[PDB]
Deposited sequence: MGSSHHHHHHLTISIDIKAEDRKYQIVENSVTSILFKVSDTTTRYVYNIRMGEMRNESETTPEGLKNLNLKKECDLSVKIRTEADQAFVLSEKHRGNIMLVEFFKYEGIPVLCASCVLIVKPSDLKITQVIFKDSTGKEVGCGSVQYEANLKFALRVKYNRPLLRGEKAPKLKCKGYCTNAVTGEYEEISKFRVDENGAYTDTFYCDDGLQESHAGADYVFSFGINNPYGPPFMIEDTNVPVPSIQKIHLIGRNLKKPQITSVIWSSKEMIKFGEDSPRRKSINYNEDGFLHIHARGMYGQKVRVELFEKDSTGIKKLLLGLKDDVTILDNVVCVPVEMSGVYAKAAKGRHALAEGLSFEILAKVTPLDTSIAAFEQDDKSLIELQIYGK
């Protein structure tokens, strides 16, 4: 849709310099000199744009271009040859001067090319901590409930008076069950209703998701999705920020409580009333609370405690249990528990059942219920 090539007519008989805006999609310019009776050549010199008003001809009204356009671009080029434009030319005011031969070169005409700057492209994302200090040069591990900001850096500086581009972001978090990245947000990088280059996370990320992995993917066009890798390439795109979330003030992830609940429903940061007794035909609702263990898998074992203090393994659950948002409810059938406990009793009035939760991450400590947390599986 955008023109990639320009044909500029130059009237030698005219005395007013032509001004031509050259958008960043144009890669070649052809000059058509009005005088077909003799041969002309052209040279091109350029000077850098400094403010956005120079992207228009009237912004060049009170400017001595022969004094500013000083860097050379092309020299003694026949006027029938096209002028090819590339990235090194964008953002420049060019004076093109045309000469004919009459004993010596003779300046006959000129025109100004307003070579607009290139389209902005994301080159890097910088993590800044709660005080604005830049943290590293890539992925980070960061605490929940702690503000931060991500500064997007472009391929070129903005011109004075140039508005920030439309910067968008797609937020991703790992699914607690599958461990795959899932999109949880899509927003424009804004402050006070205007586009900006810095996404400020004023509240931080959720403590319930401590242990998850986040990705914020930015773009002036559609941001990259998973796997966030350059096309035909196994190298990450420079337009993402990876964050491994940990608990705030938490020195290490751990299981915090293991409770037999009177309600199946569990929620992070909330406590339910405990169930104290249960029968063989019923399910116990084992509630596991943790911190920093989003998506972590654990094994559950059922022990029986006797009056002498001996504790014996009754059984372990067949399948492993996946902690979600640092909470998980596991329904435990008391029928097999009763069968194993009664098999090894040849007489009390109930079995004292205690749960043990062992995380598959061996660097995380196991959790055992105590006398205040057990459940009484009743007999007869």
Counting from 1 along the deposited sequence, which stretches were left out of the model? 1-5, 353-355, 389-390
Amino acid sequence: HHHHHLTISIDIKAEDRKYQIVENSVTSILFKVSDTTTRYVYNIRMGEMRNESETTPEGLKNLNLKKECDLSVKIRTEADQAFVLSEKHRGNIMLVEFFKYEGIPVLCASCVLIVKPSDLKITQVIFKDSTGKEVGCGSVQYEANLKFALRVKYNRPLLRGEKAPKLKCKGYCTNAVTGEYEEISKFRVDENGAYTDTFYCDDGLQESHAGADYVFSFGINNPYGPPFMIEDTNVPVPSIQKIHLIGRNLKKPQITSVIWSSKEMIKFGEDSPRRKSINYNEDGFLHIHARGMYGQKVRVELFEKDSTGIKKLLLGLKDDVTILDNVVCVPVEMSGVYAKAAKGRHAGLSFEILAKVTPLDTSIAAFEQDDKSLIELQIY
From here on, numbers count along this sequence of modelled residues.
Taking the recorded C-alpha temperature factors, which stretch has the higher mean, 130-138 or 103-111? 130-138
Going by the B-factors listed in the PDB entry, is the mean over the C-alpha atoms higher for 10-18 or for 356-364? 10-18
Comparing recorded Cα B-factors across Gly292, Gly284, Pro273, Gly295, which one is largest? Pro273
According to the Cα B-factor stored in this entry, which of the following is highest: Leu324, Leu313, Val330, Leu349? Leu349
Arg76, C-alpha B-factor rank within chain (lowest, middle or highest third): highest
Record-listed C-alpha B factor of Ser335: chain third: lowest
Comparing against every modelled residue in the chain, figure out the third that the C-alpha B-factor of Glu231 lands in (lowest, middle or highest). highest
Would you mind ranking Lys186 by its C-alpha B-factor against the rest of the chain and naming the third, lowest, middle or highest? lowest
Within this chain, which third does the Cα B-factor at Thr174 fall in: lowest, middle or highest? lowest
